[PDB]
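Coordinates as given in my_file.tsv (TSV, C-alpha atoms):
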```tsv
chain	number	residue	atom	x	y	z
A	1	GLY	CA	0.00	0.00	0.00
A	2	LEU	CA	2.43	2.65	1.36
A	3	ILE	CA	-0.45	4.06	3.47
A	4	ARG	CA	1.27	6.21	6.17
A	5	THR	CA	-0.85	6.42	9.39
A	6	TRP	CA	-0.28	7.77	12.90
A	7	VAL	CA	-1.38	6.26	16.13
A	8	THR	CA	-2.06	8.96	18.70
A	9	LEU	CA	-4.10	9.13	21.84
A	10	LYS	CA	-7.86	8.99	21.80
A	11	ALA	CA	-9.15	12.52	22.24
A	12	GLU	CA	-10.99	10.98	25.23
A	13	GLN	CA	-7.79	9.60	26.89
A	14	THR	CA	-6.74	12.78	28.58
A	15	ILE	CA	-4.76	11.20	31.33
A	16	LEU	CA	-1.58	9.15	31.27
A	17	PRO	CA	-0.30	7.28	34.29
A	18	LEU	CA	3.13	7.57	35.74
A	19	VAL	CA	5.30	4.55	36.47
A	20	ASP	CA	8.78	3.74	37.74
A	21	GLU	CA	11.21	2.05	35.33
A	22	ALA	CA	10.19	-1.11	37.13
A	23	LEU	CA	6.46	-0.79	36.41
A	24	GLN	CA	6.13	-1.85	40.02
A	25	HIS	CA	3.74	0.95	40.82
A	26	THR	CA	1.50	3.47	39.01
A	27	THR	CA	0.44	7.02	39.99
A	28	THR	CA	-2.32	9.30	38.87
A	29	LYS	CA	-2.70	11.37	42.01
A	30	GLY	CA	-0.82	14.33	40.53
A	31	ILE	CA	-1.73	14.22	36.91
A	32	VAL	CA	-4.14	16.53	35.15
A	33	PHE	CA	-5.11	17.53	31.67
A	34	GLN	CA	-4.60	21.11	30.57
A	35	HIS	CA	-5.06	20.93	26.82
A	36	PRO	CA	-2.97	20.23	24.94
A	37	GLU	CA	-0.22	19.43	27.47
A	38	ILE	CA	-0.76	16.64	30.02
A	39	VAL	CA	0.73	17.61	33.28
A	40	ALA	CA	2.20	15.85	36.20
A	41	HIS	CA	2.86	18.09	39.11
A	42	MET	CA	5.02	16.82	41.88
A	43	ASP	CA	3.31	18.68	44.69
A	44	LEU	CA	0.24	16.50	44.15
A	45	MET	CA	2.28	13.33	44.48
A	46	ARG	CA	4.55	14.07	47.41
A	47	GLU	CA	3.42	10.79	48.98
A	48	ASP	CA	4.89	8.98	45.96
A	49	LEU	CA	7.99	10.95	45.19
A	50	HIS	CA	10.57	8.36	46.22
A	51	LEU	CA	9.48	6.00	43.48
A	52	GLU	CA	11.22	8.31	40.99
A	53	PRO	CA	12.29	8.62	38.20
A	54	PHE	CA	8.92	8.46	36.48
A	55	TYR	CA	7.85	7.51	33.01
A	56	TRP	CA	4.66	8.03	31.12
A	57	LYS	CA	3.10	4.72	30.14
A	58	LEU	CA	1.65	5.11	26.66
A	59	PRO	CA	-1.79	3.50	26.29
A	60	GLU	CA	-2.51	0.10	24.81
A	61	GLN	CA	-3.02	1.25	21.25
A	62	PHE	CA	0.73	1.70	20.96
A	63	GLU	CA	1.31	-1.79	22.36
A	64	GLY	CA	0.90	-5.07	20.50
A	65	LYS	CA	1.41	-6.34	16.97
A	66	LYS	CA	3.26	-3.25	15.82
A	67	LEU	CA	5.56	-4.54	13.21
A	68	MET	CA	4.55	-1.80	10.80
A	69	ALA	CA	5.94	0.93	13.02
A	70	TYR	CA	9.42	0.04	11.86
A	71	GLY	CA	9.19	2.83	9.31
A	72	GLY	CA	9.95	5.51	11.84
A	73	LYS	CA	9.13	8.49	13.96
A	74	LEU	CA	7.93	8.22	17.52
A	75	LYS	CA	6.98	11.84	18.17
A	76	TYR	CA	6.21	13.80	21.33
A	77	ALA	CA	6.89	17.19	22.97
A	78	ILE	CA	8.22	17.57	26.49
A	79	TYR	CA	8.24	20.46	28.92
A	80	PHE	CA	9.34	20.64	32.54
A	81	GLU	CA	10.60	22.77	35.43
A	82	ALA	CA	13.09	21.85	38.13
A	83	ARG	CA	15.45	23.64	40.51
A	84	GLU	CA	18.69	23.12	38.51
A	85	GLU	CA	19.22	21.30	35.18
A	86	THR	CA	21.32	18.14	35.76
A	87	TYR	CA	22.13	9.04	32.48
A	88	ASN	CA	18.47	7.94	32.58
A	89	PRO	CA	16.94	6.67	29.34
A	90	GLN	CA	14.70	9.01	27.34
A	91	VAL	CA	12.32	6.27	26.22
A	92	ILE	CA	11.99	2.57	27.02
A	93	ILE	CA	10.40	-0.28	25.10
A	94	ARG	CA	9.76	-3.87	25.95
A	95	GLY	CA	8.24	-6.55	23.80
A	96	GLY	CA	8.66	-10.02	22.38
A	97	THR	CA	7.58	-13.62	22.32
A	98	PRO	CA	8.72	-14.99	25.71
A	99	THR	CA	11.78	-16.60	24.12
A	100	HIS	CA	12.77	-13.11	22.82
A	101	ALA	CA	11.10	-10.65	25.18
A	102	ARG	CA	13.74	-8.07	25.90
A	103	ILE	CA	13.99	-4.43	26.88
A	104	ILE	CA	15.52	-1.68	24.86
A	105	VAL	CA	16.12	1.96	25.53
A	106	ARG	CA	16.78	5.18	23.62
A	107	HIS	CA	19.14	7.76	25.11
A	108	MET	CA	18.95	11.43	24.28
A	109	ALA	CA	20.15	14.83	25.36
A	110	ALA	CA	18.38	16.13	28.45
A	111	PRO	CA	15.79	18.69	27.40
A	112	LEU	CA	16.31	22.27	28.52
A	113	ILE	CA	14.47	23.65	31.55
A	114	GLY	CA	11.49	25.82	30.73
A	115	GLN	CA	11.80	25.22	27.04
A	116	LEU	CA	9.26	22.92	25.45
A	117	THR	CA	11.42	20.59	23.43
A	118	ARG	CA	10.35	18.19	20.66
A	119	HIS	CA	11.55	14.66	20.11
A	120	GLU	CA	11.23	12.52	17.06
A	121	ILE	CA	12.71	9.06	17.49
A	122	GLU	CA	13.29	6.88	14.45
A	123	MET	CA	11.70	3.49	14.96
A	124	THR	CA	14.74	1.46	13.86
A	125	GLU	CA	17.48	-0.60	15.56
A	126	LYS	CA	20.39	1.51	14.54
A	127	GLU	CA	20.06	4.03	17.33
A	128	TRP	CA	18.51	2.16	20.21
A	129	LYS	CA	20.51	0.27	22.82
A	130	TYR	CA	20.06	-2.52	25.33
A	131	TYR	CA	18.57	-2.01	28.76
A	132	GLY	CA	21.31	-2.53	31.27
A	133	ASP	CA	24.11	-1.33	29.11
A	134	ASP	CA	25.73	1.86	30.23
A	135	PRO	CA	24.93	4.52	27.64
A	136	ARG	CA	28.61	4.85	26.75
A	137	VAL	CA	28.75	1.41	25.15
A	138	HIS	CA	28.87	1.51	21.37
A	139	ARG	CA	26.72	-1.56	20.86
A	140	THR	CA	23.26	-1.05	19.49
A	141	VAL	CA	20.32	-3.32	19.10
A	142	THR	CA	20.40	-5.87	16.27
A	143	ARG	CA	17.77	-5.49	13.60
A	144	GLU	CA	16.69	-8.97	14.42
A	145	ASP	CA	16.04	-8.33	18.13
A	146	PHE	CA	14.43	-5.00	17.39
A	147	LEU	CA	11.96	-6.55	15.03
A	148	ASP	CA	11.09	-9.26	17.53
A	149	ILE	CA	10.25	-6.56	20.03
A	150	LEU	CA	8.01	-4.72	17.57
A	151	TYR	CA	6.35	-8.02	16.75
A	152	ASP	CA	4.56	-7.61	20.05
A	153	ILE	CA	5.19	-4.48	22.05
A	154	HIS	CA	4.55	-4.83	25.73
A	155	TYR	CA	4.89	-1.20	26.67
A	156	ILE	CA	6.45	2.09	25.65
A	157	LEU	CA	7.56	4.53	28.33
A	158	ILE	CA	8.71	8.13	28.05
A	159	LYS	CA	10.79	9.98	30.64
A	160	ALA	CA	8.77	12.08	32.99
A	161	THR	CA	11.44	13.02	35.58
A	162	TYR	CA	14.11	15.54	34.63
A	163	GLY	CA	16.70	17.87	36.14
A	164	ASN	CA	17.22	18.09	39.89
A	165	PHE	CA	14.20	18.48	42.23
A	166	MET	CA	11.59	18.69	39.56
A	167	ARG	CA	8.48	20.81	39.92
A	168	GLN	CA	6.33	19.77	36.99
A	169	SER	CA	6.51	17.95	33.71
A	170	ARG	CA	4.38	18.13	30.59
A	171	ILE	CA	4.09	15.93	27.55
A	172	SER	CA	2.07	16.49	24.38
A	173	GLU	CA	1.83	15.82	20.65
A	174	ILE	CA	2.17	12.08	21.02
A	175	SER	CA	2.15	10.02	17.83
A	176	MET	CA	3.87	7.11	16.12
A	177	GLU	CA	4.05	6.29	12.41
A	178	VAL	CA	2.76	2.94	11.17
A	179	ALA	CA	1.66	1.55	7.79
A	180	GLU	CA	-1.45	0.21	6.02
A	181	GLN	CA	-2.04	-1.44	2.61
```
Could you render the structure from this file as structure tokens?
Amino acid sequence: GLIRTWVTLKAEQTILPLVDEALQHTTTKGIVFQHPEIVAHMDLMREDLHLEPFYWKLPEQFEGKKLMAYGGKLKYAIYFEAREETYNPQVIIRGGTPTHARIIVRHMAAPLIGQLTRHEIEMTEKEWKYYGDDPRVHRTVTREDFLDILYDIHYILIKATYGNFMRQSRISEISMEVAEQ
């Protein structure tokens, strides 16, 4: 076909949970919609603030048989405020048939404080790395592994916690390219 589509959030889904890297817990207590940005404010989550760093767990429509995504472009905009401005992975994906379930990460430059910054992440092996490998290692994910993750995505996470002592964090414009025929 060559029918370029984008998965995005349902207009109705106006809230996006926070999670630790572990996905051991989830928080909503401090998250609110303020069109278009979706906002997590720390002061409404003080009870939970040790479980940091936090990631946004994208909703199920990004998960699953997503082989067609391999074209490219995971897109989203990020904004945040913290006391000062300075390792942790920008985005995190897990997926696979049990025999090949594995976790990979994408590292990027920390976004600036106060400046809404945009990310577009190419959905291909060449730039991702392996969870558990220090970011300074020059190994990247094999095409083969990558594709086996896409074959069934378990979850995609995007960094919510930034700088030092963070006040609030906003994410918007969330989309990922797929394909139809």
List as a count of residues only the protein and nucleic acid residues near segment 44-56 of chain A, meaning an atom at most 12 Å away when only C-alpha atoms are counted, but skip any in the same chain fewer than 4 places from it. 49
Using all atoms listed in the file, find each residue in segment 21-97 of chain A having at least one atom no more than 6 Å away from segment 150-154 of chain A; report its shortest atom-to-atom pair and that distance in Å (one decimal), rows by chain then rising number, as a Markdown table.
```
| residue | atom | partner | partner_atom | distance |
| --- | --- | --- | --- | --- |
| A:63 | CA | A:153 | CA | 4.7 |
| A:64 | CA | A:152 | CA | 4.5 |
| A:65 | CA | A:152 | CA | 4.6 |
| A:66 | CA | A:150 | CA | 5.3 |
| A:67 | CA | A:150 | CA | 5.0 |
| A:94 | CA | A:154 | CA | 5.3 |
| A:95 | CA | A:153 | CA | 4.1 |
| A:96 | CA | A:152 | CA | 5.3 |
```
Counting only C-alpha atoms, select every polymer residue within 8 Å of (-2.0, 8.7, 22.9) as defined in the file's coordinates, and provide the selection as a list in words.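 Using only C-alpha atoms, the matching residues come out as residues 7, 8, 9, 10, 13, 58, 59, 61, 62, 174 and 175 of chain A.
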So how many Å separate atom CA of residue 81 of chain A and atom CA of residue 112 of chain A, to one decimal? 9.0 Å
Which residues, written as a VMD selection string, have at least one atom at most 10 Å from residue 144 of chain A, with all atoms listed in the file counted and residues fewer than 4 positions away on the same chain left out? chain A and resid 125 148 to 149
Find the residue from A:143, A:180, A:106, A:113 that sits nearest to residue 127 of chain A; use only C-alpha atoms when measuring.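 When distances to residue 127 of chain A are compared using only C-alpha atoms, the smallest one comes from A:106.
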